[PDB]
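Down below is the structure, laid out as structure tokens.
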Amino acid sequence: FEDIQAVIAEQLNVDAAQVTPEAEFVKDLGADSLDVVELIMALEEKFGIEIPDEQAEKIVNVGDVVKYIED
Amino acid sequence: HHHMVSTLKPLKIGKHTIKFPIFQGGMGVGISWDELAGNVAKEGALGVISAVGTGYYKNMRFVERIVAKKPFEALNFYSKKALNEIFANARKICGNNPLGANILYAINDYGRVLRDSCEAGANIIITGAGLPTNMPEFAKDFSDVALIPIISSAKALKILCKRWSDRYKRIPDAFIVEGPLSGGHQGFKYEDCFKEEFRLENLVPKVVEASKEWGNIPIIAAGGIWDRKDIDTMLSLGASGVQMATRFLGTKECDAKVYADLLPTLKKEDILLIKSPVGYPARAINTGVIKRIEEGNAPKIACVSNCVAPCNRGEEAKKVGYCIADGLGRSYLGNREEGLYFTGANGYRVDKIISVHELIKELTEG
Ligand SMILES: Cc1cc2nc3c(=O)[nH]c(=O)nc-3n(C[C@H](O)[C@H](O)[C@H](O)COP(=O)(O)O)c2cc1C
Ligand SMILES: *P(=O)(O)OCC(C)(C)[C@H](O)C(=O)NCCC(=O)NCCS
Ligand code: SF4
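Top line first, the protein sequences correspond to chains B and A. PDB author numbering numbers the first residue of the first sequence as 4 and each following residue consecutively. PDB author numbering numbers the first residue of the second sequence as -2 and each following residue consecutively.
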């Protein structure tokens, strides 16, 4: 989780303390739609995964992303 | 005075060259079909066939199933047979001159329709109404087909290029930058469509600058471009070309003949920006279904054609009061009371309906 938090922090120019599994990228961390895509971009490299858009549209809070990396 | 040659230079996008750097923008449900697009391409510009709602062609001559006088589901709303026939009759007019197919990214069965368009013989595919990161997955068997996303930011350009290279080992053959004065769906949130920050003249240089970073992808400016004076303005700012639609909406060759009747009367204040089941703002005329909703006597919503994914099957149509598939199809059929009608912000400047030939000449002389 600490690695997910670090990419989310650096990408959105936001402290690791705000990146809580409840915090929503839309509302809490202050990201526009393309910030979201860049972020997905950075996560699927960092952890060598692919997140399809269909799967990706569903995630709004960092827990949703954390859980997807998990499985 | 005779017809004079163009100081505008021909435009290369894919393997295809068009004599004049002008796209005729795709216009959804029967506005830019075979007659319009074929004549525009015959005159040396890029004709663009709209692939949306082709089931309505010739009053649904080529559908297998009709429910409630509407094409049933995406298979019939996007009729391959109809699309094939539109392209064939367009090529009766233009021959082998390049043609685009315009496909909104938001549609259900997007990939199938992209493929359909390639098999119908499109040279170029143009796609807006979304961030089309998966345009190439269906084109993999059509190497000769050029792919053009519609964007509203340099940010979008960078994202698209990276995702395309990653997934498809391809980069777009060009980008259309569509500003907020365009017809149909806007690529900005309602609020942002008024700021000065987004005018087309401020966006084009930024997108051009960002595109150089990727081997100088051609940039085509769209939205509010009216005459040659505007064309040269956009080209001086770095655009490789322009895309226009309202002007061609004002031609006789336009496929939805009702517009030849409605634009000359259009007042500027009857052009509104409205909500849409597609989830973008849309610029429309204060007529048809829009007046019926104002009166409370608008048509029943019953999702038959299932045209776009973001609406969720009539849900957002009900939230906004109208079905865009029914409205646009009704307009092509000539229904003045229940049709939905679109226009660019310059629609009100239309007073004479002119031929495509005469329009292309006025834009290209000298
Ligand atoms: C009636 C009408 C229908 C349109 N439909 C579509 C469409 O289906 N797909 C699309 O990408 N753009 C659509 N647009 C946008 C045009 O293709 C074009 O990019 C834009 O209108 C250019 O601005 P102008 O009309 O001021 O020249 C439409 C525009 C008009 C006016
Ligand atoms: P975000 O996911 O809210 O942003 C969507 C964006 C702006 C990325 C998308 O590129 C867009 O809106 N493109 C414009 C498509 C268009 O201009 N027209 C369709 C004409 S009917
Ligand atoms: S209800 Fe929505 S999805 Fe169904 S045809 Fe109408 S606009 Fe399209």
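Beta carbons are placed, not taken as given, at the ideal position from N, Cα and C, and that holds for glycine.
Residue i beta carbon near ligand 3 (any heavy atom closer than 7 Å)
i        : result
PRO68/A  : no
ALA71/A  : no
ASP323/A : yes
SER328/A : no
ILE271/A : no
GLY311/A : yes
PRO274/A : yes
Pairwise C-alpha distance: residue j and residue i
i           : j        : result
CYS91/A     : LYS39/A  : 4 Å
residue 3/B : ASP38/B  : With chain B covering only 4 through 74, there is no way to say anything about residue 3/B.
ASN16/B     : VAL204/A : 24 Å
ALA126/A    : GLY184/A : 7 Å
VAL22/B     : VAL239/A : 44 Å
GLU355/A    : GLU292/A : 40 Å
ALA85/A     : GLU312/A : 36 Å
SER140/A    : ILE104/A : 23 Å
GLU334/A    : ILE122/A : 33 Å
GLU194/A    : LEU200/A : 8 Å
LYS155/A    : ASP31/B  : 25 Å
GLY118/A    : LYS249/A : 25 Å
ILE350/A    : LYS152/A : 39 Å
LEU260/A    : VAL347/A : 6 Å
Check whether residue i and residue j have beta carbons under 8 Å apart
i             : j        : result
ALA236/A      : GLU175/A : no
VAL26/A       : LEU325/A : yes
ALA171/A      : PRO129/A : no
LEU42/B       : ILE11/B  : yes
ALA48/A       : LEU80/A  : yes
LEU360/A      : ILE19/A  : yes
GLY41/A       : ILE15/A  : yes
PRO95/A       : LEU144/A : no
residue 389/A : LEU263/A : One cannot answer for residue 389/A here, as it falls past the ends of chain A, which runs -2 to 363.
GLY331/A      : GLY285/A : no
Cβ neighbours of residue i in the same chain (closer than 6 Å, five flanking residues each side left out)
i        : result
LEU157/A : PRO146
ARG280/A : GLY180, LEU270
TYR102/A : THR124, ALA126, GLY127, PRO129
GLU61/A  : none
Check: residue i C-beta below 7 Å from any heavy atom of ligand 2
i        : result
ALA207/A : no
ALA153/A : yes
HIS13/A  : no
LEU101/A : yes
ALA126/A : yes
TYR75/A  : no
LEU111/A : no
Heavy atom of ligand 1 within 7 Å of residue i beta-carbon
i        : result
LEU178/A : yes
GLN240/A : yes
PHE4/B   : no
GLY35/A  : no
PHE339/A : yes
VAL49/A  : yes
Reference residue i, options the options, closest by Cα
i        : options                                : result
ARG196/A : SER208/A, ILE222/A, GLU206/A           : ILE222/A
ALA299/A : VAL305/A, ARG310/A, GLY35/A            : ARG310/A
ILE28/A  : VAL45/A, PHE17/A, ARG167/A             : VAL45/A
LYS159/A : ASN120/A, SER208/A, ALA143/A, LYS137/A : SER208/A
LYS265/A : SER150/A, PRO307/A, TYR345/A, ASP229/A : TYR345/A
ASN131/A : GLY108/A, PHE74/A, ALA98/A, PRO68/A    : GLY108/A
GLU47/B  : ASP35/B, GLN14/B, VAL65/B, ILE72/B     : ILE72/B
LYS55/A  : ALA253/A, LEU234/A, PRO274/A, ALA322/A : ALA253/A
Cβ shell of residue i (< 7 Å), same chain only, five flanking positions each side left out
i       : result
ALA59/B : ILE43
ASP18/B : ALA12
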